[PDB]
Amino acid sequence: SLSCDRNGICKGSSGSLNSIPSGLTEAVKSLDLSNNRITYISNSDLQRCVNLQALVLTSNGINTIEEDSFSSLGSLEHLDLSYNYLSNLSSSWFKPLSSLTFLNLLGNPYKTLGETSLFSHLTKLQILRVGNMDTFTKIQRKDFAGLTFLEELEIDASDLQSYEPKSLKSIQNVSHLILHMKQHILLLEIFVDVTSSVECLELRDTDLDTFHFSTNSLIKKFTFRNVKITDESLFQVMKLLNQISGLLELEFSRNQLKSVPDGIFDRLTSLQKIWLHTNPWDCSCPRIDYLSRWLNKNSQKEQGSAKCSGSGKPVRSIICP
């Protein structure tokens, strides 16, 4: 069914709706129909909701949205179409939504964002999430056109195969950029386009085997999550990090790290904080000597407490002769 409170906040509580409820009026201020069985949105469904501020359609089976389905939604600020079955995106959907501050299109099976810029006029957008884990393979220069200031941009480009240079270059500022990408071949391509516009960069799922590194970066924090790394690739990645003059925070937690090359952190003189926890550190002595000693010398940098595999003792508590 669909229950609305006195304030116009409506929710599709039970998962049984086969389509958007009929008869919605100008009184509806929020519509959350997540986890239902909607598969199609027609032009008339939301035609009277001129005061709708949030539309959440997460996890439905939507595969078709008629061209002008959102025409009357000029008051819309939050739109979530995440995890549906949209194989292609239409710029006409976003044309009437200039007030948007949050847009989530994550989890839909589209290969690219389309042949037409989708966000050219979303001048108030703060959070944008696009991509998917298995089908998204290309990023084009026309994507993101129009976007100048963003608080958070999340791109799941797990299967990214192509990246048109300067695609991300047009955005003047992005506070937090999260990039999911399995391969590293396009990493430096993307890096040069965002080094001067991103404050916090987060790289997820990347296989860094065989990665090699050979300006005025403004990145202040770099986070790695679920990346595949080794002493050799960590050294190459550090060559890149060593070049970021103002790098203040480095998050290396959750990357299945077992060790680090001796002296790996010696050139990060401007670093203020480092995260090394949630990693199965091999605290056998010869191997862990550098890291244990480094944590004690730079006693104020570690955030959280890195622990040893097996014993679970703090890495900094290990002393090798």
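Don't overthink the numbering: it's just position in the shown sequence, from 1.
Student: Taking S214 and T215 as adjacent modelled residues, how many residues of the deposited sequence between them have no coordinates (none, 1 to 3, 4 to 9, 10 or more)?
Tutor: 4 to 9 residues lack coordinates between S214 and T215.
Student: What stretch has the higher average Cα B-factor here, 156-164 or 228-236?
Tutor: It is 156-164.
Student: Looking at the entry, does 109-117 or 122-130 show the higher mean C-alpha B-factor?
Tutor: Per the PDB entry, the higher value belongs to 109-117.
Student: Looking at the C-alpha B-factor values in the deposited entry, which of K221, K169, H78, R204 comes out highest?
Tutor: If I rank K221, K169, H78, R204 by C-alpha B-factor, first place goes to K169.
Student: Which of these, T137, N242, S82, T148, has its C-alpha atom at the highest B-factor, as the entry lists it?
Tutor: Comparing C-alpha B-factors across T137, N242, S82, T148, the maximum falls on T148.
Student: Hey, what third does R48 fall into on Cα B-factor, ranked over its chain?
Tutor: Tercile = highest for this residue's CA B-factor.
Student: Among the chain's modelled residues, which third holds the C-alpha B-factor of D209?
Tutor: Highest third of the chain for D209's C-alpha B-factor.
Student: Please rank the C-alpha B-factors of the chain's modelled residues and tell me whether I288 sits in the lowest, middle or highest third.
Tutor: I288: CA B-factor falls in the lowest third of its chain.
Student: Compare the C-alpha B factor of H180 with those of the other modelled residues in its chain, then answer lowest, middle or highest third.
Tutor: Lowest third.
Student: Where does the C-alpha B-factor of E199 rank in its chain, lowest, middle or highest third?
Tutor: Lowest third, going by the recorded CA B-factors of the chain.
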